[PDB]
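Q: the data below comprise the sequence and an experimental structure of the protein.
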Amino acid sequence: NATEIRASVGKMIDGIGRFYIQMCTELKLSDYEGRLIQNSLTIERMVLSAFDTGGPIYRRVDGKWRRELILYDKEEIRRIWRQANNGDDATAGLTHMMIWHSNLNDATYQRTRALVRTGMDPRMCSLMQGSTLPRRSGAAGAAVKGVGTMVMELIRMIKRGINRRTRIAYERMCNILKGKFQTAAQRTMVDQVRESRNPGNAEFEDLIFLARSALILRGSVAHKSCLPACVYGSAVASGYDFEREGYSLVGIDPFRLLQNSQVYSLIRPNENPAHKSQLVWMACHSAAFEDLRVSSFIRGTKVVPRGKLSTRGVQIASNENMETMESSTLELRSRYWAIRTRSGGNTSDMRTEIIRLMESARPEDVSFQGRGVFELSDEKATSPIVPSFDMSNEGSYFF
Amino acid sequence: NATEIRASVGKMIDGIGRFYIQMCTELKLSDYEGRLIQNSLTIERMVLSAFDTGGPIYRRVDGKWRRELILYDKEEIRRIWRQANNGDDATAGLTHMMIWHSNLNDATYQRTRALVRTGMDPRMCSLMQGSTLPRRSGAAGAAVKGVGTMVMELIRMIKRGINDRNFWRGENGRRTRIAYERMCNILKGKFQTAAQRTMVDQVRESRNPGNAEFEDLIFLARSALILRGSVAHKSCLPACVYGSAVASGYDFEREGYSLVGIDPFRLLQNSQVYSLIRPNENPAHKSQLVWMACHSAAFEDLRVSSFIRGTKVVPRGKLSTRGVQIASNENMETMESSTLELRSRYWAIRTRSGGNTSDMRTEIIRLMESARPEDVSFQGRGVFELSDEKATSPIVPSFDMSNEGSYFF
């Protein structure tokens, strides 16, 4: 059923577009200045703030870039927003940029300080997908969350409490949690946790276990390709009428759109452009915890690890100066595309059950058997391509 | 030094009187109206509601009485205040009003509602003195408050942080903690035994105050039942009286006034103060009340209470009167006004001491274990006559005559 799902989400994409265009028309920005991922970000956040303000806005004068600090009627923003969505709320829409930000943050930063202070192992990076994503996120907003993400929450919710209506949350938060697991025991053990009203260290220690079980017996976590507002604004302005022509966040749509996007970015004096583009590209698909090998394969070019990456962050801090600042054109095109999946793959004390399953598991264990990559011409999911990694690679752990 | 105090006191007294006058002179009152206790309380309230306004103002239509829910412009009241007060902000004066009320409050309502609530034993009245006094009252406010109240406010927080909204955390949390500490130090201050005091320190040294800390305070509170705490007793009078007093041109600023001496009794002695009373009550029973409230002798031994006064001071459970102020829910055509018997044969001085004698928990028990109700405190002090204006002839009474039921409540 390509009617609702493909076209209803198109309508949510149209809104973001239209809005971005309106909002650019207010700031009286130029074309080059509306394609500046920097300005786009600021706008996106102005809105999510107002629906739950001012921000940094960069301008282009003969030669150099001028940063403007501006403020807008928090309500005016809310007004312009609905105008674009037919006076609707389109929570989906706000939630969408709510994720684009997430996926950018899960790739720009490593959230160790928080994991440890929670009592999670810092090496549990690949499980913190969407830890930045405000709880306000929608129902299809949490589905993108990693197993580890959920645990950090419950553990804090529990840690302060064990240190009224709050209950329905906890059970559900677990049901979701449990719905991440895709194996008997995994599933069953979550229940054994959800049994206690005042779950103390008994649980505190057990979920942490299950957290680690997912490192081997992963769960189902959806990935959503959420592009910057500018990309959708520009597309809408170019005539693309997505609600009519349909759009996806896990199909070929997002890659194809990024195959023509003209996004620019501010870039510090010593930073590497190629390295900058990489970053953004990984935020456009939630590939911050993907196997670098595959990311590079699909990308078309080296996908260098975080450490070796030359950049501190896409947003420009108030600290920096504009004199020594310039801007490059972001390389967002990719070689092939792939169905962003949700599945994690698979081959007494319920712990034992898992520990026993954990064991038989080898890192070499092939997942998504038969699934492959698609050419950018292959609109339909017709012919798949299987990658062979016998190759001089460059790692697998972005972090 | 000593001559100063009395000046400021007078200075304050004077201000107050000067004020209540202006209020009468305002509402176009009379000698009578301006002496009715109920009318006074309404004023004082409004004088306080103006520094964070309305109340019932009583008038007499020959045959019956009148209510008039007066709403006087807030900012104006606080402005006539400085006028009457030389353009000084008499905050102390405003504190005097507050206390008068607290002391009239303890003398009427038994605060059990709140005790069982915070988990304190319902039998701790002896300790809940000055509890209705808001935080808005300074050091004066605290000196008056007692162990019960101090514990109560501490337990209130201990618990408020168990629901824990990060109660003791973050920039504001750290600010609360500071407060919690202050209050711990206030409690500790009142204690006379190092054991109690040292044991306070053991509680305020925690950072996750919970049941542990909680039970230790309930403990410290029982102890104050026998190892008396050191509390402050003052003599605060309805400003209607202070009005009449300045009337005579009695300049307290000169003549000096005090809140722990004879001066308070001197006024109440020559003073005409009425109060509205409903049917089925003994018009003397209200007198006791107001009188008690005036001296804060709500938790004083009924003996020393009934002796210090000429008549026999009866307990609450045989005092037919449900308070000074009057509700709006019931008949006002049956309001017999009466003159309050606010006099006493003898006057005594109010004091601070309670006459005083986890290892601390095991050791405090000893002291308690050692105390006896038959122990005499304040050896050497007695009651004085109104002719002995300079406390000099102690009349140390012989008490136990089987009329022992000193527990007002």
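A: Cool, got the structure. Residues are numbered from 1 along each chain as shown, chains lettered A, B, ... in the order given.
Q: switch to C-alpha atoms for all contacts and neighbour counts from now on
A: Noted.
Q: shouldn't residue A:58 be within a helix?
A: No. Per DSSP: H, G, I helix; E, B strand; the rest coil, residue A:58 lies outside any helix segment and is strand.
Q: and residue A:356, how many neighbours?
A: Counted with other C-alpha atoms under 10 Å in any protein chain shown, residues neighbouring residue A:356 total 11.
Q: likewise residue A:389?
A: Close neighbours of residue A:389, defined as other C-alpha under 10 Å, add up to 10.
Q: residues contacting it?
A: Residues in contact with residue A:389 (C-alpha atoms under 8 Å, 6 or more residues apart in numbering or on different chains) are residue A:293.
Q: and the one 10 residues further on, by the same measure?
A: Residue A:399 makes contact with A:110, A:125, A:289, A:305-307 under the criterion C-alpha under 8 Å, 6+ apart.
Q: likewise residue A:262?
A: Neighbouring residues of residue A:262 by C-alpha under 8 Å, 6+ apart: A:35, A:231, A:329-330.
Q: which of those fall within strands?
A: residue A:329 (DSSP state E).
Q: Serialize the contacts of residue A:262 to TSV and add fields for distance to residue A:9.
A: Compiled in TSV, the contacts of residue A:262 are given as follows (distance: C-alpha to C-alpha, whole Å):
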residue	distance to residue A:9
A:35	23
A:231	16
A:329	28
A:330	26
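Q: what subset of the contacts of residue A:262 is buried?
A: The neighbour-count test (16 or more other C-alpha atoms under 10 Å in any protein chain shown) marks A:35, A:231, A:329-330 as buried among these.
Q: out of the residues you listed, which is nearest to residue A:277?
A: Of all the buried ones among the contacts of residue A:262, residue A:277 sits closest to residue A:330, with 4.8 Å by C-alpha to C-alpha.
Q: ramachandran angles for the closest one?
A: phi -80, psi 130 (degrees, to the nearest 10).
Q: now it: how far from residue A:249?
A: The gap separating residue A:330 from residue A:249 is 21 Å, by C-alpha to C-alpha, to the nearest Å.
Q: need the max-distance pair from the contacts of residue A:262.
A: Longest span within these, C-alpha to C-alpha: A:231 and A:329, 13.3 Å.
Q: does residue A:365 touch residue A:347 like I think?
A: Yes. When contacts are counted by C-alpha atoms under 8 Å, residue A:365 is listed as touching residue A:347 (7.3 Å).
Q: so residue A:104 touches residue A:287, yeah?
A: No. At 9.7 Å, residue A:104 does not count as touching residue A:287 under the criterion of C-alpha under 8 Å.
Q: more neighbours: those two, which one.
A: residue A:104 (27 against 22).
Q: just the element for the more buried one, please.
A: With elements taken from DSSP states H and E, the one containing residue A:104 is helix A:91-108.
Q: helices of the stretch 101-250 of chain A, residue ranges please.
A: A:112-118, A:139-142, A:147-162, A:166-180, A:184-194, A:201-213, A:229-237, A:242-245 (DSSP state H, counting those that start in this stretch).
Q: of all those, which lies closest to residue A:272?
A: helix A:229-237 (22.3 Å).
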